[PDB]
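Asker: Using only what follows, build the 3D model:
(chains A and B, ligands or ions: 1)
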Amino acid sequence: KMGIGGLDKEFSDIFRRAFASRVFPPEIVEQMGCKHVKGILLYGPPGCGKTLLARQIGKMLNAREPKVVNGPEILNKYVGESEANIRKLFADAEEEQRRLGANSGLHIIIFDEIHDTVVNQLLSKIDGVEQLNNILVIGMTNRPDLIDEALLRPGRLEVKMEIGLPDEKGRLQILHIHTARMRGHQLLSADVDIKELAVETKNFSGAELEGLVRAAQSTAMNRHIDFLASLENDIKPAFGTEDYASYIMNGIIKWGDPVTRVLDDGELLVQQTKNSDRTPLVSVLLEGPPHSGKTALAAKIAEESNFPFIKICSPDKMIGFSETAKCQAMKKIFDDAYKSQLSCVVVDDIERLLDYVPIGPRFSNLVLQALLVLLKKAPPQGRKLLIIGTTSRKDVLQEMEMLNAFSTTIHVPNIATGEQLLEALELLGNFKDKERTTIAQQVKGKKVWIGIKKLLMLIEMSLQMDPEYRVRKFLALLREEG
Amino acid sequence: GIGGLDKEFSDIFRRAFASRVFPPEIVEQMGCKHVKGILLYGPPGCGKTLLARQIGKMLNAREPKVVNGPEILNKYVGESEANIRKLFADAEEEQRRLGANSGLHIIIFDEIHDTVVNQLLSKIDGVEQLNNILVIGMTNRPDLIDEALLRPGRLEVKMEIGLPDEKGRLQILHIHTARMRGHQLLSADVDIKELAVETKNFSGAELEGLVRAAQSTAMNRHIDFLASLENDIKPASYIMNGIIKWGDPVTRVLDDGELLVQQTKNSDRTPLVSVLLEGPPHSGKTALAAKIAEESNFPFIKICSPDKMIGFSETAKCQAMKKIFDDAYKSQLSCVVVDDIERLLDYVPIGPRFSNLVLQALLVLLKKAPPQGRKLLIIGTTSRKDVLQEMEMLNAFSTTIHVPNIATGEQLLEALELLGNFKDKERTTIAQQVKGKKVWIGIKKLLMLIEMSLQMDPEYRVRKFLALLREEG
Ligand SMILES: Nc1ncnc2c1ncn2[C@@H]1O[C@H](COP(=O)(O)OP(=O)(O)O)[C@@H](O)[C@H]1O
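Answerer: Residues are numbered from 1 along each chain as shown, chains lettered A, B, ... in the order given. Pasting the structure now:
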């Protein structure tokens, strides 16, 4: 009954159904009058530890199959030839079966990362022309959609299994075996708790667990020459299932009353998400003058939300990509969003993302489509997502039906009031307590239209110059910017 | 065992086999040369293969059956072509050695250019003889295959099969089940007739397969029924909310849709009817279309989603449309629901940018009808009826249905009521703020704003609702 964390109900049903039909001895099958199942296939999110489950299932099934492993290339050797190899590993099993065919020989073959002749070749051997039963094959792959339709139909690959999101209980099981083995030996860390580690991590793949533990062992080794495990949690992954420090370089200072209101509105939106059975997908956008500060805000809302899976989207990664490539990466993030039950994703600089250009205007249709469908597109039942898009220009986006898509729109306006500007200055703490007073004297009777990103940059600009100069220069700079 | 296909199968069977069967002077009295081959084209899952193996078995004590790999032509250098010629060669050799009477060889090509075309054609017919053998070809689509083979002679008879007859389906399930019956063990809950009524599409093969999954399932249990559970799981998502009926128009559209269905299924005169939904987003029309599809209970109903097609090349989108639609043809009748009509095009108002090629593929097919003995209904959802008419595609669609989201206050409250989110008091206040006035919001944003309001404290919910609805106007 070991070892595989979580995946017990689904695994149990699948297992008993594939193995049991074989297991009942021996008249029952004839009583059943049913030919044995040909293969079982599993598709999972990456890192869900599909492979370990498969090796284990194969081991459990027979005293010794004894396991057959297929290289990823599969088809290596061009001249004839490789195709023949894919046929050939099957060939040994079929040969044994013909030599002893009736009962009772089983051979297990597994293809990891599963066109022309090879498609057909696998299909012919797995089913027909005559027999080819008494063996089973399991295929493990990250995405269902990529694989061929013909294999799927009941028969050659009758049963398809989709791996469940990793269990908390399960997470406790995988960590529990390594930890326990350590427990069994006298050495252990008192501070570390199994339940606690499980509650702390939701996203991680199996693999991840051995990795975290291994890093902890290494740090411990370092101590000899929380603790090590904590250091590992802090660094080691690389999980693949969010750095906000790269999107909030400058702190969400409560510069203006509007700032607090934009964030509370972000709070309102997350709260909207929390249940939202009636609406599965939450779409939100921030619209601001350039240098608006909308995007840091979006990132901050995401940090605040702490939904189980958050992945940042960057214009910068997209740069220099083919329009199709741009669509593709974006697609991959979209499916990644699918995995979490409650989830938040960021789309940023969408005008920039689109490659939208003022002259023309010229823009990317394919990119626009991926973007358009997504808001409309529905996450698998259960699991939900909120999308935050930061857009510099509201009207063009409204113009392409993009605005229509969003559930909520938030516009971030640069404060038009000097005193609020002052409040901002005070929070940033750039100017001396004298300078704040001076700015306060100047602002009255004057109207300011400047962005926080722009304001902070402006401030910073005024500051470098000498102290008598800073007050005058900043005022002049403000005047020019106005 | 072969489910359904007893009349058609019987006639075909008789015509190929009987002409051979009458012994032996009768054929000369007929004075007709024996038929060369029989070819069958079926929907996927039509169990063509089993019928063929069975037919071959039935025909001779032992042919004994020849199977052709899908590649057929594997080995480039000379060579493969020669192989396609060569399997024929053994049969011709036997026939020359004993030619007159009485040797028959059966060869079957599953999933049936240059030299191979000619090669198969030359061996099957001419130059001299080549009779005393028969070949059956099994393929999913008729249109793909070559014209030359089809003409009477080399492939005189072409058979098209409409899935498995209900009585027949009962026969195949009945044999495996009966064998199960004969032994003491059986499932009381499972009924033969019931299984037959439940399944229309499935191949024989499918039946042994289903039984297999269920047996495997009994097999799951010891250390309707199982079949029902399989229907429940083994192979809703689109409309998680379900549909409220706020206005007589909302209900009226689902009813009109039901009427379109009735017409499509019921009436011979028009093979096809097109159902069109007109709304401005964020309209719920997409949902209405799904509903329409569900009440119909058409044997095959498929709703196609752009996201499934997302990021595809022009050709790929077009191919998907072709595939779905080919799938629909094969069934006696079907309802196909088309979604995001603007998006398939990838129309963008700036530009204009759109893909013409895809537009022609949809436009041409829509007018197009399945082969006789079958009828279909196509439903599409369009954001922008005006742009569509401007294409002139709209003229092509059989019927137009338009709902402008929610337009009156009565319709609004009726929706809030069917959804049941606000308290009697709250709705009593909302009505006092909308009744008489004009509103204009699609159903889904409503489902959204409602949730955006349930988020505020028990007293700030109503006010927040009226604020949101005040913006979505
Ligand atoms: N209320 C706010 N919303 C967004 N960003 C803010 C806010 N207040 C302060 N910031 C700061 O603004 C900066 C980000 O500006 P950015 O997101 O690039 O704006 P834009 O997208 O309008 O160009 C961050 O460095 C962050 O510390």
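Asker: give me the element the spatially most central residue of chain A is part of.
Answerer: The residue lying closest to the centre of chain A (C-alpha atoms, centre = their mean) is residue A:336, at 3.5 Å. Following DSSP states H and E, one finds residue A:336 within helix A:323-339.
Asker: and the helix or strand just after that helix, what does it pack onto?
Answerer: With elements assigned by DSSP H and E, the helix or strand that comes after helix A:323-339 is strand A:342-348. Under the contact criterion of 3 or more C-beta pairs under 8 Å, 6 or more residues apart in numbering or on different chains; DSSP states H and E, strand A:342-348 touches helix A:257-274, helix A:294-305, strand A:309-311, helix A:323-339, strand A:384-391. Where you see a C-beta, it was placed from the backbone N, CA and C, and this is true even at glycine.
Asker: Please, where are all the strands along the stretch 351-482 of chain A?
Answerer: Ranges of strands in the stretch 351-482 of chain A, per DSSP state E, counting those that start in this stretch, are A:384-391, A:408-411.
Asker: Does the last one reach the ligand?
Answerer: No. Using C-beta under 6 Å from any ligand atom as the criterion, no contacts between strand A:408-411 and the ligand are found, and the smallest distance is 9.5 Å.
Asker: How about stretch A:349-369?
Answerer: No. On the criterion C-beta under 6 Å from any ligand atom, stretch A:349-369 is out of touch with the ligand, staying 6.7 Å away.
Asker: which of the residues in that stretch are buried?
Answerer: Buried residues in stretch A:349-369, counted by 16 or more other C-beta atoms under 10 Å in any protein chain shown: A:349-351, A:353-356, A:363-369.
Asker: Equivalent analysis for stretch A:116-134, please.
Answerer: Going by neighbour count (16+ other C-beta under 10 Å), the buried part of stretch A:116-134 is A:117-118, A:120-128, A:132, A:134.
Asker: Please say whether there is contact between it and chain B.
Answerer: Yes. Contact of stretch A:116-134 with chain B (C-beta under 8 Å from any C-beta of the partner chain) involves A:116, A:117, A:119, A:120, A:121, A:123, A:124, A:128, A:129, A:130.
Asker: Pretty sure the fifth one sits against residue A:91.
Answerer: No. Taking contact to mean C-beta atoms under 8 Å, the distance of 11.1 Å between residue A:121 and residue A:91 leaves them out of contact.
Asker: rewinding a little: flag every buried residue along the helix holding residue A:336.
Answerer: By 16+ other C-beta under 10 Å, the buried positions in helix A:323-339 come out as A:326, A:327, A:330, A:333, A:334, A:336, A:337, A:339.
Asker: Counting by contacts, list what it packs against.
Answerer: strand A:309-311, helix A:315-318, strand A:342-348, helix A:365-376.
Asker: Contact partners for residue A:280?
Answerer: Contact analysis of residue A:280 by C-beta atoms under 8 Å, 6 or more residues apart in numbering or on different chains lists A:378, A:379, A:381, A:384, A:385, B:240.
Asker: Quick check: phi and psi on the third one?
Answerer: Just to be clear, that refers to residue A:381. phi -60, psi 140 (degrees, to the nearest 10).
Asker: In chain A, what residue comes closest to the ligand?
Answerer: Closest residue of chain A to the ligand, C-beta to the nearest ligand atom: residue A:292 (2.4 Å).
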